[PDB]
Each structure stands twice: as structure tokens, then as C-alpha cells.
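First up is the structure itself, then whatever we jot down about it.
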Amino acid sequence: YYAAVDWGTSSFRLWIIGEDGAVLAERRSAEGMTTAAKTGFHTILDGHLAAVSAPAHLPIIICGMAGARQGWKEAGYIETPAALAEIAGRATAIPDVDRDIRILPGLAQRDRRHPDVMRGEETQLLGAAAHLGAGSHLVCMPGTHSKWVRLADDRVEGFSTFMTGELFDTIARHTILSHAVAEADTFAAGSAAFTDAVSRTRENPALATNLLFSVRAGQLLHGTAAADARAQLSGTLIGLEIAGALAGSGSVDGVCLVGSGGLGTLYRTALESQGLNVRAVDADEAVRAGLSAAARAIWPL
Amino acid sequence: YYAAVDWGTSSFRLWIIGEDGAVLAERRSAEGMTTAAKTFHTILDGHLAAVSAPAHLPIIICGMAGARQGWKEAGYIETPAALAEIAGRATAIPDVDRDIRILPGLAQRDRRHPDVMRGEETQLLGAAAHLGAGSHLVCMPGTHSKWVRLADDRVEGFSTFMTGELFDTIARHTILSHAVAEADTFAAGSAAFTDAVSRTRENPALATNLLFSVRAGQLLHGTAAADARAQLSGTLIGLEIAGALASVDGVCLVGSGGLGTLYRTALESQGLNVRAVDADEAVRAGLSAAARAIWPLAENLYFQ
């Protein structure tokens with residue numbers, strides 16, 4: 008019996024978990040990191056606990072941006088390489104309250120040639136890894152920042168962020184490419200526009216910023232439909248991510264994909280188009296499971 | 008004789024020219040094609057009034073004044089294209105008081121590799137003779153950086169890389185604004201810059217990871233804003249060259268000022284010779300060869 012919270016930058020999810028593992032209650036809102044920093048983390052939380060009649064001494068495990076510098080209380084990082092089990096033990100307690108409330112830290116790769124950082128995904132990893140062996144895994148965690156993580160023996164060995172989602176959104180809205188992709192809201196992951204682009208760039212990463220301009224040139228000279236231009240932009244950026252993810256990885260078979268929604272489908276299509284097997288793990292199921300593994304290790308029954 | 012106008016996306020430049028060949032006056036500002044579609049004559053009349061231009065001095069204009077989202081759509085001549093075709097394909101802007109033309113751009117129509125250039129073809133009209141003869145490879149940096157295979161007053165093909173526009177939007181609208189924002193500049197020579205260019209030119213695949221690292225670098229160690237900016241610029245540029253190079260010794264850079272330095276710096280570090288050429292000297296020249304061609308002047312039969 009604990010609450011578990013995924014505190015994101017623009018949203019908030021909470022689950023009350025009973026003694027037997029079952030979800031007894033669930034709450035979900037827009038009060039993410041940026042709202043809570045104006046109006047108060049503790050108050051937003053006390054709101055949801057009251058709304059579902061939590062006991063006053065129900066303990067609470069949190070992951071994500073509630074633990075960033077701009078959040079409720081800095082949770083910091085654990086340096087990789089690091090056993091997945093270190094996470095729960097290095098959680099930060101909220102100091103002047105009558106409830107055990109703890110926030111899990113991010114992971115940091117301090118290497119000077121490859122500095123890298125994650126906050127949130129580590130907890131999804133904790134939930135995902137329970138479904139896999141203790142053997143070797145290359146794990147893809149897509150988003151505004153896709154994380155590619157090397158798991159072995161239940162340790163995170165290292166990881167690489169690729170800013171593909173953030174790049175997509177800036178290129179689509181703030182550059183000339185917006186005149187080619189604005190008219191379209193969606194595209195079909197299954198379309199050739201998409202997987203052709205993933206292949207052009209995966210095979211020719213060096214040309215990336217020529218290929219991006221080609222989406223605009225293509226439109227001007229040949230009337231590329233907005234949906235296909237959107238796909239093309241999308242595919243280019245994700246194919247370049249894949250190229251980087253695999254740049255001397257030996258042979259890799261062999262990828263586990265932690266994702267959900269249309270995002271998860273886009274990536275799976277992308278990865279499978281480049282000849283990789285995919286093992287899907289549902290991103291939301293994995294946070295809860297990650298948050299539950301930590302709770303069971305800090306408050307054992 | 009003529010007004011020459013180079014009307015870019017973000018900048019306006021004018022030169023008044025005499026039958027002698029000399030510049031007589033000049034105007035600069037930052038009203039480019041995007042600002043101009045706010046106000048399309050008025051900007052042109054203002055600068056003309058300013059410099060005391062004859063009311064019927066004709067006007068030759070290259071650049072984005074000729075795009076769809078501009079003054080009037082000029083065309084494109086498709087590649088390979090003889091540079092000498094350009095002036096003949098110019099497009100009038102109706103005016104009873106003056107003969108105003110805009111130069112077309114070039115288009116590479118290949119369905120793989122579609123590509124487009126509006127203005128750099130006039131810097132190439134300008135510079136073809138000077139550069140020399142036979143095959144050249146010319147790099148033309150800017151918001152959109154052009155790489156052009158030139159031979160005998162002929163563009164054979166070319167490649168845009170959108171490195172400048174990427175630098176800007178990445179610097180202003182992504183998380184990296186936190187890493188670079190409160191710097192405005194960085195010294196081309198700084199090792200932060202050529203390291204970025206080299207690790208990226210060597211590992212194109214990792215580009216969008218490398219970009220994230222400037223911010224993770226700033227979070228974990230405390231990178232100085234100029235070194236971050238440099239890393240940023242360097243990464244983008246290293247990537248361009250990787251792509252441009254996808258043996259040449261062996262390149263001719265056309266550019267001016269800050270960015271010109273930055274690229275020679277970046278290009279030499281990758282082991283290339285850089286025969287440089289001033290950017291504005293090549294445009295004024297390209298607009299001159301067009302002007303002489305449609306409004307040839309009355310010669311003195313006894314001279315040459």
C-alpha cells in the first residue's frame with residue numbers, strides 16, 4: 008500500500024497500490040513540473056491523496072521531474088555504470104512532512120567525451136528490465152529525447168540521448184520546412200514517404216542536413232503532399248538516430264522498444280524497416296512497475 | 008547606369024553603378040524578403057530616394073525577391089545550366105518609370121536530390137571567370153549553405169545544407185538555448201570549435217547525440233556559453249562537410268566576414284585548401300554581367 012507518482016514536465020499521474028499489487032485508485036492531470044513550481048508540489052499532491060481518501064501515513068514513491076533542479080527537491084543522479092537496484096536506495100526524502108515521500112534520482116553518464124543525462128526513463132528501465140533476462144539488451148526509449156540504453160546483468164552500462172523529437176518539433180515549426188509540413192496533422196507510419204526517409208538517412212547519415220532541405224525542395228519542385236513531407240521529415244530524423252544508435256554496436260539483432268501510442272508505432276515501423284527485431288514494452292506499464300519495484304524495495308512486506 | 012539589388016531572406020543590399028564601372032553609392036539594412044512582404049515597392053523606392061537615384065535608372069535584382077513568397081515569382085533554370093543563360097531569363101516587375109528585372113534561380117530537378125538556389129547563382133555568374141577554368145567545387149556558406157560543382161561557366165549540380173538555419177533555430181528554440189544563449193559570439197580559433205567539427209566530420213551518424221551533449225556537458229560539468237555555442241556551430245558545420253565530402260584538395264570558398272573566417276577555419280582543419288573569394292565582390296559582379304547584357308551601353312567606336 009503506497010501511492011506511486013509519475014511527475015512529468017506537463018502532466019501528473021498517480022496510482023494507489025494495495026497490499027496485493029492491485030491499483031485501488033488512479034488520478035491524472037495537467038499539474039506537471041511547470042504548474043507545480045508556481046502553485047506547489049505538496050499541495051497538488053495533498054489534493055489527489057484527499058480526493059481518493061489516502062490514509063495520512065501512506066508512503067509515496069515518485070519518479071521524474073519533481074526531482075529536477077526546477078522541481079520539488081533535487082534528487083540528483085547516480086553515475087553509470089550502475090545496478091538497476093541502486094536506484095531505490097538512492098532516493099531523496101521530502102524533509103519537513105509527516106509522510107514518507109521519496110523521489111527517485113536520474114542517471115548520469117559523467118564521461119567527458121560523452122556526457123549524458125536522464126530523469127524518468129531510469130524508472131521505466133526498472134519496470135522493463137523485470138520483463139527481460141539478466142543478459143544483454145539494447146533498449147530504445149523514444150520521445151522528445153530518445154534514450155538508447157545498454158543493459159547487461161541488470162546494470163545500466165551507458166546510454167546515448169538523441170534529440171530527435173525536439174529537433175522534429177523545432178524544424179517543423181521554426182524553419183522553412185514548416186511551409187511544407189504545416190498543412191498536415193498526421194501521416195501513416197506505414198507509408199513509403201516515412202520508411203524511405205528512414206532508409207536514406209540511416210544509410211547516408213552524412214547527408215542529414217541536405218536531406219532535411221530536400222523535403223522543402225521536393226515540395227517546391229514536385230509538389231510533395233504535406234503528409235508525405237511530414238513523414239519524410241520524420242523519417243529523416245529518426246533514420247539518423249538509428250544510424251547513430253548502431254554506429255559500431257558489433258552485430259545487433261536485437262532491440263527492445265519502450266514506448267506507447269503512435270510514437271511507439273512510428274519507431275517500431277522504423278526499426279523493423281531497418282531489419283531489427285523488436286520487443287515492445289509498454290511505456291506506461293513500465294513506469295508503474297518501476298515505481299512498484301522501488302516501493303517494494305524501500306517498504307518491504 | 009544601373010542599380011544592383013541583392014535581396015536576401017534577411018538582408019537588403021544595393022549598389023548604384025556608373026558607365027565607367029564604379030560604385031557611386033550603397034545601402035544596407037535587414038529588410039529581407041520576410042520583412043518586405045509586410046510592406048512590395050516601397051522599400052526599393054526609399055533606398056532609391058535616399059541615394060539621389062535618377063528616376064529612370066533601371067534595376068537588376070537577384071535573390072529571394074524572386075521566390076513565390078516574395079515580390080514576383082522569377083523562375084529557375086534547371087541544371088546543368090550555363091551561367092550565361094541567366095540574364096536572358098530574367099523577369100520584369102511592371103513599372104512605367106523604370107525597367108525592373110529579377111534574375112531566376114537554379115533548380116536541380118532530380119527526384120532523388122531535388123534542390124534549389126535563389127541568389128547564389130548570381131554570385132556564381134560573378135565569379136566563374138576569376139576562379140579559373142575547368143572543374144571547381146565551390147562552397148557557399150550562409151543560412152543555407154550551397155556546395156556547387158562548377159565547370160566552364162556551367163553549374164553541373166549542387167547540394168544545399170541548411171546549417172545556418174539549423175544553428176539559429178537550435179540556438180533559439182530548443183533546450184540548448186540554456187547552454188549557449190547568454191553568449192553572442194565565440195572565437196573561430198577556439199579548440200571547442202574545431203574539436204566539434206572534427207568529431208562530427210568523423211562520426212556523422214552521431215550528430216543528434218553530439219548536439220544533446222552540448223546541453224548534458226553544460227549540466228554535468230559547467231561548459232562556458234561560448235564553448236557550447238562553438239560546439240553547436242562546430243557540430244553542424246562538421247556535419248555539412250561530411251556530407252559535402254560524401258578526394259578533393261581542393262575547394263573554393265565564396266563568403267564574407269565572420270562566417271567566411273569560420274568556414275575556412277573549419278575547412279582547413281579537415282585538410283582542405285581554401286582558395287577564398289569575397290561574397291559581395293561576386294554578387295556585384297554577377298549583377299554587373301547581367302546589367303551589361305540587357306542594357307548594353309553605346310560604345311565609342313574608336314576605343315575598346
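Residue numbers (PDB author numbering), protein chains in the order written: chain A, 8 to 308; chain B, 8 to 46, 48 to 254, 258 to 315. Just so you know, even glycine gets a beta-carbon here, dropped at the ideal spot from N, CA and C.
Assigned with DSSP and collapsed to three states, A/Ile183 falls in coil, not helix or strand. Assigned with DSSP and collapsed to three states, A/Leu264 falls in strand. Interface annotation, B/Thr42: not in contact with chain A, CB-CB separation never under 8 angstroms. For the 8 angstroms CB-CB criterion, A/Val222 and A/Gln281 do not form a contact. With respect to the 8 angstroms criterion, B/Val265 and B/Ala304 are not classified as neighbours on the basis of their beta carbons.
The beta carbon of B/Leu247 is closer than 8 angstroms to those of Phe169, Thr171, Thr208, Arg209, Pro212, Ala215 in its chain, skipping five residues each way along the sequence. For the pair A/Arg109 and A/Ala100, the CB atoms are nearer than the 8 angstroms cut-off. Taking B/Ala63 as reference, the option from B/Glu164, B/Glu26, B/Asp107 with the minimal CA-CA separation is B/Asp107. Proximity of chain A to B/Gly225 at the Cβ level (cut-off 7 angstroms) is accounted for by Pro122, in chain order. Between A/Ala90 and A/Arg157, the gap from beta carbon to beta carbon reaches 8 angstroms or more.
Chain order gives no chain A residues near B/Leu278, where near means a beta carbon separation below 8 angstroms; the closest approach is about 16 angstroms.
Here the stretch 172-185 of chain A makes no contact with the stretch 126-135 of chain A; the two share fewer than three CB pairs at distances below 8 angstroms. For A/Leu139, the CB contacts under 7 angstroms within the same chain, skipping 5 residues up- and downstream, are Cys263 in chain order.
In the three-state reduction of the DSSP assignment, A/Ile101 falls in the coil class, being assigned neither a helical nor a strand state.
Pairing A/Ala196 with A/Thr272 gives a Cβ-Cβ distance under 8 angstroms. With contact defined as three or more Cβ pairs closer than 8 angstroms, the stretch 68-79 of chain B and the stretch 11-23 of chain B are in contact.
At the C-beta level, B/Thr193 and B/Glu173 stay beyond 8 angstroms of one another. Not one beta carbon of chain A lies nearer than 8 angstroms to the beta carbon of B/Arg237.
Against A/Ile183, the close residues of chain B are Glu173, in the order they occur along the chain (beta-carbon pairs closer than 7 angstroms). Going by C-alpha positions, A/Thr231 is about 23 angstroms away from B/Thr41. Of all residues in the stretch 84-103 of chain A, none is placed with a Cβ closer than 7 angstroms to any Cβ belonging to chain B. Listed in chain order, the non-local C-beta contacts of B/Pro149 below 6 angstroms within the same chain comprise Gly266, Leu270, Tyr274, local neighbours out to five positions each way being set aside. Here DSSP, grouped into helix, strand and coil, assigns B/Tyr84 to strand. For A/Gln77, no beta strand (DSSP E) segment is defined, and its DSSP state is neither H nor E. At a cut-off of 8 angstroms between beta carbons, B/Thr202 makes no contact with chain A.
A residue is called buried once 16 or more other Cβ atoms fall within 10 Å of its Cβ, and A/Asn217 is buried on that count. Short of 6 angstroms from the beta carbon of A/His55, and not among the five residues preceding or following it, lie these beta carbons of its own chain, in chain order: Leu21, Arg34. A/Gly127 sits close to A/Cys70, with the two beta carbons spaced by under 8 angstroms. Measuring C-alpha to C-alpha distances from A/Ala32 to each of A/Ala290, A/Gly39, A/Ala57, A/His49 identifies A/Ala57 as the nearest. For the stretch 144-177 of chain B, the set of residues with a beta-carbon nearer than 8 angstroms to any beta-carbon of chain A comprises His152, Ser167, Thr168, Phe169, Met170, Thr171, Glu173, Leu174, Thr177, in chain order. Within chain A, the residues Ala213, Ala215, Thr216 have their CB atoms less than 8 angstroms from the CB of B/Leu247, given in chain order. Cβ proximity to chain B below 7 angstroms picks out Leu247, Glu248, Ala250, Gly251, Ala254 from the stretch 245-274 of chain A. No residue range can be given for B/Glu310, since it is assigned to no beta strand (DSSP E) and is classified by DSSP as neither H nor E. The beta carbons of B/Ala252 and B/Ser167 sit about 7 angstroms from each other, so the pair counts as a contact at 8 angstroms. Separation of the CB atoms of A/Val124 and A/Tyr84 is rounded to 7 angstroms, and the pair is thereby assigned contact status at 8 angstroms. A Cβ-Cβ contact shorter than 8 angstroms links B/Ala98 with B/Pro112.
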